[PDB]
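Enquirer: Sharing a structure below in structure tokens format, with a few things to ask.
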Amino acid sequence: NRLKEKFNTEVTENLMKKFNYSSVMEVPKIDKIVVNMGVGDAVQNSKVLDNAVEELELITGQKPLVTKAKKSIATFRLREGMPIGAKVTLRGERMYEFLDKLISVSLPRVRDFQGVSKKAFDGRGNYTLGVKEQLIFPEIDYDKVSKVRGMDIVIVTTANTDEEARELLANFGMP
Amino acid sequence: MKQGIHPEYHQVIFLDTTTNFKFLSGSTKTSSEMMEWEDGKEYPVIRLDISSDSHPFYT
Amino acid sequence: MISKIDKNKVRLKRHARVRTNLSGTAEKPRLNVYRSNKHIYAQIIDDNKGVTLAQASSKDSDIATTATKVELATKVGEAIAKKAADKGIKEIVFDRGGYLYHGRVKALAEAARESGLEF
Amino acid sequence: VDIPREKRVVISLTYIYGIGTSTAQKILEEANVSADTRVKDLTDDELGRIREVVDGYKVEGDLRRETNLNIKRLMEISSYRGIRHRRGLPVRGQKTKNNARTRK
RNA sequence: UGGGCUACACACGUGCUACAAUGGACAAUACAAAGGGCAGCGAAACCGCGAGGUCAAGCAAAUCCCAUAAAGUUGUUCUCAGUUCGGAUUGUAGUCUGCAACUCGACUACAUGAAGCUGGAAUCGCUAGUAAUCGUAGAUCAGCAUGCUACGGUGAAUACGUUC
RNA sequence: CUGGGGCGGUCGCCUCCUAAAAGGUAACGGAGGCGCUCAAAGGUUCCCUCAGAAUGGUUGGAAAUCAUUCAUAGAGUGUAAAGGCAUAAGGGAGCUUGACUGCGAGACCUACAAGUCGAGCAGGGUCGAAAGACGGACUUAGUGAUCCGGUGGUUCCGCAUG
Ligand SMILES: [Mg+2]
Ligand SMILES: [Mg+2]
Ligand SMILES: [Mg+2]
Ligand SMILES: [Mg+2]
């Protein structure tokens, strides 16, 4: 929880001088990071899900929630049950430990010029960055992982519109 | 907070030769050799990276 | 954005659900519970007339310390029974509000059982 | 690293990834080993002197990490040397008629 | 000038190398024939792990060079496994030829080491210096053959018989 | 049975509609289901709330999954439909067996046989801190008399007595 003060700097040094808020409480604040991996249809991947639940613990050190299906949609082989997801909601200091790690190692290892977007919002203050798994295990290299994959990181804040969530993402973010 | 289901993580001091942006963590349970006191007093096992040496955007 | 709920309104729904097979009839009245964030409130209500019989509170001058917020709840449960020993010391029905029977709502009820009330 | 015993060391270091007939000369250069070292070799004080010379080499498994990404770099640029990996093509400009079976 | 004749899920011809311990790897040590060399063959020295680079030594050749043939023989080895059997295929040397080797060459250098344990029905070659094997030459050619054409080394087995 | 009869079809229960705002009400009128299932899909205590819609996001089928905001139930409720239900009767979790024994005032239904609902009373439990809740599933179908036979109990009888 060292670089949490980066936010406590920017609440009063930039955000009180940008929109001119009338109180320190209603500055836009980030509440959760969910790192929902996606579906990965497990007609066979139920064993790769045991790898996919092992890879996501290495990214963020919390066990995923293996989210199951809800409907019985045809042209797709799944029922109620059939665990076809994984997510970790990152609430506390593990957010900032993940955030102040990832935004320095996301643009370099992706080998993209700009890198993420100029806009990805939903008009409310939520970003939903998309990852093709080119960043993870920065510590143990490409030795024992098996199958290439793709993550998804959602940033849920207390921003109100798009331009206030651009301000929080202008703190060591690259739009 | 639950015991049993979590993997290991620690204050991984990202020992990079360009300004040492040590605000990272993970599963680098390796040899602890030099721990900076301003940073995470743990393993420096992040030995080299392209994290904050030359950004493509802020070049 | 994300909308933070208030903990009172959810509590009220829960309490409403709880308090449909839970009533006081003045031969077996009802004490309910309102803990906010600092203070615990207890109150003997007869649900038939809509008329209370007693009232106790963690912010009243008779019991107002900074003990634990749990030992404050033990003092209030001691208080509501010794005022219900003035009249109607019979069985009552414990009403937990919408809160769990744990911690401060439990210590309000553990204290009232060991101070004369027979629930 | 994970070499087998009960054979001669000039063929024993070959069993790992990254060594073929360099243990006859290059490992024999730094370490004072002989040719007739079976399982009965007492290569524990000699395990250290081969550890110093194998630490300079990329051999034991980690070469295959760089070898894998060299193909991954080669297909990402989409070169003719790289399309032949992703497409069963013999890659080094060979005749892809009947006798081209080992790439399928 | 730039492609293509070199493409490929495949299908038959023709060959090369093999699937080994009458072998494999390393050291020594022999014995040929034929033919080529009009700036071509280029020695002995060096400098390179090597493919090879630098000049002169000889010469338009029974003499000088390509060129130390190889199998063999002698010794040390592995021990009978898809193991020291072979080496296909992929990244590292950039060697050389040539305006230029990406389509689309030729080797060697450390890597990687896949099919393959002598092959079914069928089918082909061969009657002695012949089958079999071993290496060397030349024509094409700036560079390039597992092909072709010539060359020697080592060399079996088997023919009772004309009925099918 | 039958708009003669035959042929075809039908025959018992459940749900609607016809049914005329109580109930009930026919036709070879219009629609459909049932001859079960569940040891958790029962009990109880706790928590929990859906579909859908946009929106934007490594899978991207339009549509799996993630997030936000709207969402009155449009979801779901073992099984047809009708009534129900967010007290959740829906969805999770923990303990459990009340899917108890003896009964039952009273009531519904009805030609009779049958059929249904029950407070409460003991007995002995389960869950819950407690009040309490439990005599099967949200409710309504999942069956068939008597006689005979089998089987296990049984302080009953058992032929002069045992
Ligand atoms: Mg008529
Ligand atoms: Mg009526
Ligand atoms: Mg419905
Ligand atoms: Mg329920």
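By convention here, the chains of the structure tokens are called A, B, ... in the order presented, each chain's residues are numbered starting at 1, and ligands are numbered starting at 1 in the order presented.
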Hey, which residues come within 8 Å of ligand 4 if we count only C-alpha atoms (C1' of nucleotides) and all ligand atoms? Could you give them as a ChimeraX atom specification?
Expert: /F:88-90
Enquirer: Take the residues from that selection and write them out as a PDB file, in the first residue's frame, keeping N, CA, C and O atoms (P, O5', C5', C4', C3', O3' and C1' of nucleotides).
Expert:
```
ATOM      1  P     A F  88     -39.744 -12.767   3.491  1.00  0.00           P
ATOM      2  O5'   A F  88     -39.793 -13.503   2.089  1.00  0.00           O
ATOM      3  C5'   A F  88     -39.647 -14.908   2.011  1.00  0.00           C
ATOM      4  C4'   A F  88     -40.617 -15.494   1.029  1.00  0.00           C
ATOM      5  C3'   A F  88     -40.227 -16.840   0.451  1.00  0.00           C
ATOM      6  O3'   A F  88     -40.609 -17.895   1.315  1.00  0.00           O
ATOM      7  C1'   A F  88     -40.958 -15.388  -1.278  1.00  0.00           C
ATOM      8  P     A F  89     -40.246 -19.420   0.980  1.00  0.00           P
ATOM      9  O5'   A F  89     -41.544 -19.970   0.247  1.00  0.00           O
ATOM     10  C5'   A F  89     -41.718 -21.365   0.044  1.00  0.00           C
ATOM     11  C4'   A F  89     -42.286 -21.688  -1.317  1.00  0.00           C
ATOM     12  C3'   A F  89     -41.679 -20.930  -2.492  1.00  0.00           C
ATOM     13  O3'   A F  89     -41.581 -21.802  -3.610  1.00  0.00           O
ATOM     14  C1'   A F  89     -44.015 -20.525  -2.389  1.00  0.00           C
ATOM     15  P     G F  90     -40.183 -22.514  -3.938  1.00  0.00           P
ATOM     16  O5'   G F  90     -39.429 -21.447  -4.838  1.00  0.00           O
ATOM     17  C5'   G F  90     -39.952 -21.083  -6.100  1.00  0.00           C
ATOM     18  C4'   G F  90     -39.027 -20.140  -6.812  1.00  0.00           C
ATOM     19  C3'   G F  90     -37.552 -20.388  -6.578  1.00  0.00           C
ATOM     20  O3'   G F  90     -37.026 -21.412  -7.396  1.00  0.00           O
ATOM     21  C1'   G F  90     -38.003 -18.117  -6.246  1.00  0.00           C
TER      22        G F  90
END
```
Enquirer: Within 8 Å of residue 160 of chain A, counting only C-alpha atoms (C1' of nucleotides), which residues qualify if same-chain residues fewer than 6 places away don't, as a list in words?
Expert: residues 28, 124 and 125 of chain A; 1 of chain C
Enquirer: Neighbours of ligand 2 at 10 Å or closer, counting only C-alpha atoms (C1' of nucleotides) and all ligand atoms: which residues, as JSON, numbers by chain?
Expert: {"F": [19, 20, 21, 22, 23, 24, 25]}
Enquirer: Filtering to C-alpha atoms (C1' of nucleotides), could you give me those residues as a PDB file, in the first residue's frame?
Expert:
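This is the output file out06.pdb:
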```pdb
ATOM      1  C1'   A F  19     -70.594 -21.245 -17.691  1.00  0.00           C
ATOM      2  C1'   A F  20     -74.798 -16.369 -18.341  1.00  0.00           C
ATOM      3  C1'   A F  21     -69.493 -11.389 -12.165  1.00  0.00           C
ATOM      4  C1'   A F  22     -71.534 -17.417  -5.723  1.00  0.00           C
ATOM      5  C1'   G F  23     -71.605 -22.584  -6.400  1.00  0.00           C
ATOM      6  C1'   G F  24     -73.317 -25.904 -10.013  1.00  0.00           C
ATOM      7  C1'   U F  25     -74.491 -26.709 -15.272  1.00  0.00           C
TER       8        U F  25
END
```
Enquirer: In Å, rounded to a single decimal, give me how far atom CA of residue 8 of chain D is from atom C1' of residue 21 of chain E.
Expert: 17.9 Å
Enquirer: Could you give me, as a PDB file with N, CA, C and O atoms (P, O5', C5', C4', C3', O3' and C1' of nucleotides), in the first residue's frame, every polymer residue with an atom at most 12 Å away from an atom of ligand 1, counting only C-alpha atoms (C1' of nucleotides) and all ligand atoms?
Expert:
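Just written: selection_31.pdb:
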```pdb
ATOM      1  P     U F   2     -76.460 -42.379 -26.935  1.00  0.00           P
ATOM      2  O5'   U F   2     -75.833 -42.010 -28.345  1.00  0.00           O
ATOM      3  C5'   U F   2     -74.991 -40.877 -28.491  1.00  0.00           C
ATOM      4  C4'   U F   2     -74.020 -41.058 -29.625  1.00  0.00           C
ATOM      5  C3'   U F   2     -74.609 -40.827 -31.010  1.00  0.00           C
ATOM      6  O3'   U F   2     -73.627 -40.226 -31.845  1.00  0.00           O
ATOM      7  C1'   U F   2     -73.770 -43.029 -30.866  1.00  0.00           C
ATOM      8  P     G F   3     -73.665 -38.644 -32.092  1.00  0.00           P
ATOM      9  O5'   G F   3     -75.118 -38.386 -32.671  1.00  0.00           O
ATOM     10  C5'   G F   3     -75.434 -38.746 -34.007  1.00  0.00           C
ATOM     11  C4'   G F   3     -76.921 -38.855 -34.212  1.00  0.00           C
ATOM     12  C3'   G F   3     -77.365 -38.733 -35.660  1.00  0.00           C
ATOM     13  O3'   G F   3     -78.529 -39.521 -35.868  1.00  0.00           O
ATOM     14  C1'   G F   3     -78.292 -36.967 -34.402  1.00  0.00           C
ATOM     15  P     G F   4     -78.469 -40.754 -36.886  1.00  0.00           P
ATOM     16  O5'   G F   4     -78.626 -42.024 -35.948  1.00  0.00           O
ATOM     17  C5'   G F   4     -79.746 -42.156 -35.095  1.00  0.00           C
ATOM     18  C4'   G F   4     -80.326 -43.535 -35.204  1.00  0.00           C
ATOM     19  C3'   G F   4     -79.316 -44.661 -35.123  1.00  0.00           C
ATOM     20  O3'   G F   4     -78.981 -45.002 -33.793  1.00  0.00           O
ATOM     21  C1'   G F   4     -80.681 -44.991 -36.999  1.00  0.00           C
ATOM     22  P     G F   5     -77.444 -45.048 -33.342  1.00  0.00           P
ATOM     23  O5'   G F   5     -76.942 -46.454 -33.882  1.00  0.00           O
ATOM     24  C5'   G F   5     -77.623 -47.643 -33.533  1.00  0.00           C
ATOM     25  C4'   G F   5     -77.385 -48.720 -34.554  1.00  0.00           C
ATOM     26  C3'   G F   5     -75.934 -48.984 -34.902  1.00  0.00           C
ATOM     27  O3'   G F   5     -75.280 -49.816 -33.968  1.00  0.00           O
ATOM     28  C1'   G F   5     -77.164 -48.758 -36.884  1.00  0.00           C
TER      29        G F   5
END
```
Enquirer: Under the rule of at most 10 Å, produce a per-residue listing of chain A near chain D: chain, number, name, the closest pair of atoms, and the distance in Å, as CSV, using only C-alpha atoms.
Expert:
```
residue,atom,partner,partner_atom,distance
A:141,CA,D:65,CA,9.0
A:142,CA,D:65,CA,6.9
A:143,CA,D:65,CA,7.3
```
Enquirer: When you draw a straight line from atom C1' of residue 158 of chain F to atom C1' of residue 146 of chain F, how long is it in Å?
Expert: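 Between atom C1' of residue 158 of chain F and atom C1' of residue 146 of chain F the gap works out to 27.0 Å.
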